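Just below is one structure, and these are the notes that go with it.
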Amino acid sequence: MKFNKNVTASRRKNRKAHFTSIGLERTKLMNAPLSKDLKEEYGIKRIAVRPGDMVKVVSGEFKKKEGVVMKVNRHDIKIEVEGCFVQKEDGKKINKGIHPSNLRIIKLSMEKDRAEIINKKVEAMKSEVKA
Amino acid sequence: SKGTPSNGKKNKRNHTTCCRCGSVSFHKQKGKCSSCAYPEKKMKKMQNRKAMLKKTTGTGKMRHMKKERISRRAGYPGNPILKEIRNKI
Amino acid sequence: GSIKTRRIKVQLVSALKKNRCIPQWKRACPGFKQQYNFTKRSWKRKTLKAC
Amino acid sequence: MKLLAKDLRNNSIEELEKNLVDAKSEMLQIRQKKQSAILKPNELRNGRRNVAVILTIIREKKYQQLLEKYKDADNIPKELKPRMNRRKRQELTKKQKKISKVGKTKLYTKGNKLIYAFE
Amino acid sequence: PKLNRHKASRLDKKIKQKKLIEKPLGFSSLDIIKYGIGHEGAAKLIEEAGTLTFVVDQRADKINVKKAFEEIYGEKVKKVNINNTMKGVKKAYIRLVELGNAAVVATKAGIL
RNA sequence: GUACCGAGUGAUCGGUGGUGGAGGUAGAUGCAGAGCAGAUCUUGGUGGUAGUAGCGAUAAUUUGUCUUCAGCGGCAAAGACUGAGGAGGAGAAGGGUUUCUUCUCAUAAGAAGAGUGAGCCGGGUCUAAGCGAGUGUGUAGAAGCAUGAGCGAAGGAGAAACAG
RNA sequence: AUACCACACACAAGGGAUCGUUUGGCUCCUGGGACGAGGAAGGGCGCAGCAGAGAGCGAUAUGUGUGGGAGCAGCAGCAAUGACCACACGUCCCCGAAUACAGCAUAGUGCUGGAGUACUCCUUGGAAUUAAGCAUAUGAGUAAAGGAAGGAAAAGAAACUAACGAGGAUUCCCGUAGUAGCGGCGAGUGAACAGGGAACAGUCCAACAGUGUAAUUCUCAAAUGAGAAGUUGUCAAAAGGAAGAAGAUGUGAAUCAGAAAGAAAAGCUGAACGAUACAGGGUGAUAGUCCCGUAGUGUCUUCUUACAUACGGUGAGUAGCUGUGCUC
Ligand SMILES: [Zn+2]
Numbered sequence: 400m401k402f403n404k405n406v407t408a409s410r411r412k413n414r415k416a417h418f419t420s421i422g423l424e425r426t427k428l429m430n431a432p433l434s435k436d437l438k439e440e441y442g443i444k445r446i447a448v449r450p451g452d453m454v455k456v457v458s459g460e461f462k463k464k465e466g467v468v469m470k471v472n473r474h475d476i477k478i479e480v481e482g483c484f485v486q487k488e489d490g491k492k493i494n495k496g497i498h499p500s501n502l503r504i505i506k507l508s509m510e511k512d513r514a515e516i517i518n519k520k521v522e523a524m525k526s527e528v529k530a
Numbered sequence: 275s276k277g278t279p280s281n282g283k284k285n286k287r288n289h290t291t292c293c294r295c296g297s298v299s300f301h302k303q304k305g306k307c308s309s310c311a312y313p314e315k316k317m318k319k320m321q322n323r324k325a326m327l328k329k330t331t332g333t334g335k336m337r338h339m340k341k342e343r344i345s346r347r348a349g350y351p352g353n354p355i356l357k358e359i360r361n362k363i
Numbered sequence: 004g005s006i007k008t009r010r011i012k013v014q015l016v017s018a019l020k021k022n023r024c025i026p027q028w029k030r031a032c033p034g035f036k037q038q039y040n041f042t043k044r045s046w047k048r049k050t051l052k053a054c
Numbered sequence: 014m015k016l017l018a019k020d021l022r023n024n025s026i027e028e029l030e031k032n033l034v035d036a037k038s039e040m041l042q043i044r045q046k047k048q049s050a051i052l053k054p055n056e057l058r059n060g061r062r063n064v065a066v067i068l069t070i071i072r073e074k075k076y077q078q079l080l081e082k083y084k085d086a087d088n089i090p091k092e093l094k095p096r097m098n099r100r101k102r103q104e105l106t107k108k109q110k111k112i113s114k115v116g117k118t119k120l121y122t123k124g125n126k127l128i129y130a131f132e
Numbered sequence: 016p017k018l019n020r021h022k023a024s025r026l027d028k029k030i031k032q033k034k035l036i037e038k039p040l041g042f043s044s045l046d047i048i049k050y051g052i053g054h055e056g057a058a059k060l061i062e063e064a065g066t067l068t069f070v071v072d073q074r075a076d077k078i079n080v081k082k083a084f085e086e087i088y089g090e091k092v093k094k095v096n097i098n099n100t101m102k103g104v105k106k107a108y109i110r111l112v113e114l115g116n117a118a119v120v121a122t123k124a125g126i127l
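As they're listed, the protein sequences go chains A, B, C, D and E. If you count the first sequence from 1, position 31 lands on 430 in my numbering, and the numbers rise without skipping. If you count the second sequence from 1, position 8 lands on 282 in my numbering, and the numbers rise without skipping. If you count the third sequence from 1, position 27 lands on 30 in my numbering, and the numbers rise without skipping. If you count the fourth sequence from 1, position 115 lands on 128 in my numbering, and the numbers rise without skipping. If you count the fifth sequence from 1, position 90 lands on 105 in my numbering, and the numbers rise without skipping.
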């Protein structure tokens, strides 16, 4: 049960809040679980998927496959994974997008600011965990 | 006759664009606008509630009024270079 | 006619720049849902009231 | 070349005015390479950012020049005080609101009370 | 006195105040000129009549245009004519005190 | 939703086979914006009449030839007509790109470009009949009345250009 | 009836009912009640690499600073030398109260004007309608038109009720009451005190200011002087505080596998695990354990509020009266 009356439980309101999200709230939509080993290598339980990271598909047509993330579509919430595609009548191949939550991370791309992003989150935990 | 043949003579134009309201209703001979009463200081009485709500505050852009509300929320902080003047006052 | 005031001329200039179809590249954009520009006009079918 | 704010803040008003004529000359040259010939889409963006930065840094330096002048004076020019709104500028100060005596109580003040219980 | 001003040629009316800070350089040569026009229509005018054609800011007048050219490009000017076009652009035509110099200035400036 | 078949005096109810692609009832009670053939009813969609009634006042049209791809479209040669108070050549009021080039039929249709240069031409000046801010008096506020800055003619007055 | 006209059934046309769905509406409750001469509200015109409308912004038309951090939806180009977002600031074209103006106050600085007006206060003031007709009356001191202010506004501490063994400012709720009465005594209209509660608070001016000296307010100087207002009368004292409330934001448990079948399992079947969290939303069919939250817990920022002097019993074109008009 919910006892805070400032938070809404309306279906109409929850749905609008989802689809009209922007900025950091949009980034929260692209989160995926880490594998059991990585959850010992790092403190975090889940992270936003980025290009170059390595993922196992755990639901759908392409179940059991593994591959590298090629692109991240923020407007239509989908991820393109290397080697997951369909062939047209022409023989031409189109990558099919997968929803973030159907993936699981196997190796992290550590290019750019990723190491600082991870550090910032670990500290935020401990700050309140140790109190 | 009063129908089609009299329509041919209708080539003069009594109203032009008003400079206060835009509404092509300034009568040149009378020296008055039929939408907004220019050049009188106050705006005209609008005929009914339906017609007046079409020209109220919030039907356009409200540029100044919006900024004022944001500044009031922030506590009227002013330009940060000049904080010392603010603080003294 | 040939004699015009400055106020009448600016109204004609603005009424002439607005009278154009949707550019052909916009139709390819993922989020774009318009078919035809409903604000297009013809001199044979409407008056500007520039007077 | 993309000018940076912290690396301009070191110049005098006399030096910054020199820089402005160059940026404006460069903008003219850009417009010609658009009517005539062909332009990379990035060029007009970069041209226009450079003028805006110089005008922003000049304005700050002139405000400081005015601050040093009037800081300690009576009759500060209005523009140096924050705008607020017309009614907040005309309000009475909190001292002035409390000097009046026009219907104030004799007894029944906050000061005439004791800390007591009831049983 | 208040009047609707529908027959007037100047759309501005109000007299302008002073200000505590004033804008750095003011209405000045590099605001006045926009670009020179180089196409088959303009090319003939350089070759036959020693005149260049330019787009200029709406706020500009004959005297200002004369000064701005002599400042940016450097040749001396005989005449300036002006034309408000149906596309909302003010065009200026500038004739130089010596012909032949028109082809020199046009080529240096990359108009032609 | 659509064909069949069964149950009920009847309002209605049940099953079977194709179509459809994600929700739905049976019993007992509660609240109602709770059942249509009609109102010269309201809104939207479709017939018969019917390949029918009509589409042709005015000067009039023929032949060859090229395109067009099937335009009495263009060009040559004939035959006519308006007949200088013209079906000719120009301005104003009104319209506003309808003007020029290219392409396409989508055609009294579109799309993309280009085009209007003044000391001497007209406006910005003067004043007609007249209108009027402010001030005075009046009114709950107005209207009205006295005086009066400013305004009032692209065909009245009004410095100076013509050929190629 | 060979071929026309009608009806039934199957297939193809023609139209958009029905069923399934919804980032919209409506109603009730709670907060808020924030404009303008420092140029508003409202109108116009410009600004994109390819850009008509709409959105955003002013010739600085995606600038500066802080907190974050990954892409910019098409095509070409950009981006850890910061893509994009959030908070504040800087810049902010022309018309418009539109003002180089009008009226007005001070020793001086100045103030007003226009916008909005659901709710509150002050004026002015109908007719349709009901009376089974209609003229007094009704609808109604309502509609319409004008003036003015605030987050509420108005009212308010008895020249008050009552006749009890009396009460004790104003406003609001239950009630006296469809009563006492008003009325072609027709149609119809119509209050007050009590008794039970919410919330509670009282005070100022004049009459009436030290005369062994206006002791009072303001300006410039100066470290103690000049000047303005005022004798048609100026001047009657305290800092000070912790509480109370509203927002913003951090953290936050626990799952795997399978026959058949499907485009896809979260369904179904077996085995587990969390709960101070089984509110609700998203994921390719119906998910406590896949994602965002929720229960529980931390931080921070704003706002509101608080001690001093002297007094009484005569406030006039008023109360009242005569005539007159409206009103209850
Ligand atoms: Zn108007």
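We treat Cβ as the ideally placed atom computed from N, Cα and C, and that holds for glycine.
| Query | Result |
| --- | --- |
| Ligand 1 heavy atom lying under 6 angstroms from the CB of residue 377(B) | Given that chain B is displayed from residue 275 to residue 363, the structure contains no residue 377(B) and the question cannot be resolved. |
| Positions along the stretch 20-54 of chain C whose CB lies within less than 7 angstroms of some CB in chain B | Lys52 and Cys54 |
| Proximal residues of chain D, C-beta to C-beta of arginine 360(B) below 8 angstroms | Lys94 and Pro95 |
| C-beta neighbour in chain D for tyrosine 108(E), strict 7 angstroms | no |
| Residues from the stretch 73-93 of chain D in contact with chain B, defined by Cβ distance under 7 angstroms | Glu73, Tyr76, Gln77, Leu80, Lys84, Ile89 and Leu93 |
| When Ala530(A), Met524(A), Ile504(A) and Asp436(A) are compared against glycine 451(A), the one with the closest alpha-carbon | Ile504(A) |
| Beta-carbon spacing of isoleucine 478(A), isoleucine 497(A) below 7 angstroms | yes |
| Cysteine 54(C): CB within 6 angstroms of a non-hydrogen atom of ligand 1 | no |
| Span of the alpha helix (DSSP H), counted from its first residue to its last, around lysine 324(B) | 323-327 |
| Chain C contact residues for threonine 331(B), given Cβ-Cβ distances below 9 angstroms | Residues of chain C passing the Cβ test: none, with the nearest at roughly 27 angstroms. |
| Whether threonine 68(E) touches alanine 58(E) by CB criterion (7 angstroms) | no |
| Given 8 angstroms, three or more beta-carbon pairs between the stretch 352-362 of chain B and the stretch 79-88 of chain E | no |
| Any non-hydrogen atom of ligand 1 within 6 angstroms of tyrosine 312(B) CB | yes |
| Proximity of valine 454(A) and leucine 502(A) at Cβ, strictly below 7 angstroms | yes |
| For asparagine 59(D) and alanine 36(D), believed in contact at Cβ under 8 angstroms, the rounded distance | Not confirmed; about 11 angstroms, so no contact. |
| Near-chain C residues of the stretch 16-45 of chain E - C-beta to any C-beta below 9 angstroms | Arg20, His21, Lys22, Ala23, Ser24, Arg25 and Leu26 |
| Helix, strand or coil at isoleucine 478(A) [DSSP, three-state] | strand |
| Close Cβ partners of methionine 336(B) (< 6 angstroms) along its chain, the five nearest in sequence each way excluded | none |
| For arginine 23(C) and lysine 29(C), the rounded distance between their alpha carbons | 14 angstroms |
| Local conformation of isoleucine 355(B) per DSSP, three classes | helix |
| Proximity of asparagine 24(D) and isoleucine 67(D) at Cβ, strictly below 7 angstroms | no |
| Any non-hydrogen atom of ligand 1 closer than 6 angstroms to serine 309(B) Cβ | yes |
| Residues within the stretch 35-69 of chain D neighbouring chain E, beta-carbon criterion of under 9 angstroms | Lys37, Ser38, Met40, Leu41, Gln42, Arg44, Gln45, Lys46, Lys47, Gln48, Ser49, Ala50, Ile67 and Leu68 |
| Positions along the stretch 297-313 of chain B whose CB lies within less than 9 angstroms of some CB in chain E | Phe300, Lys302, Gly305, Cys307, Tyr312 and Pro313 |
| Test: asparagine 98(D) CB closer than 7 angstroms to a CB of chain B | yes |
| Residue-chain proximity (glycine 334(B), chain D), Cβ-Cβ < 7 angstroms | no |
| 7 angstroms Cβ cutoff met for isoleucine 421(A) and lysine 520(A) | no |
| Residue environment, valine 120(E), which counts as buried when at least 16 other CB atoms sit within 10 Å | buried |
| Residue-level contact to chain D via CB, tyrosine 88(E), 7 angstroms cutoff | no |
| Members of the stretch 48-67 of chain E near chain D, C-beta cut-off 8 angstroms | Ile48, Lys49, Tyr50, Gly51, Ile52 and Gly53 |
| Cβ contact (3+ pairs, closer than 8 angstroms) linking the stretch 86-93 of chain E and the stretch 110-118 of chain E | yes |
| Local Cβ density within 10 Å of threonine 291(B), reported as buried at 16 or more and exposed below that | buried |
| CA-to-CA distance, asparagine 518(A) to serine 526(A), given in whole angstroms | 12 angstroms |
| Under the three-state DSSP convention, the category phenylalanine 461(A) falls into | coil |
| Coarse secondary structure for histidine 417(A), derived from DSSP in three states | helix |
| C-alpha distance - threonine 407(A) paired with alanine 447(A), whole-angstrom precision | 26 angstroms |
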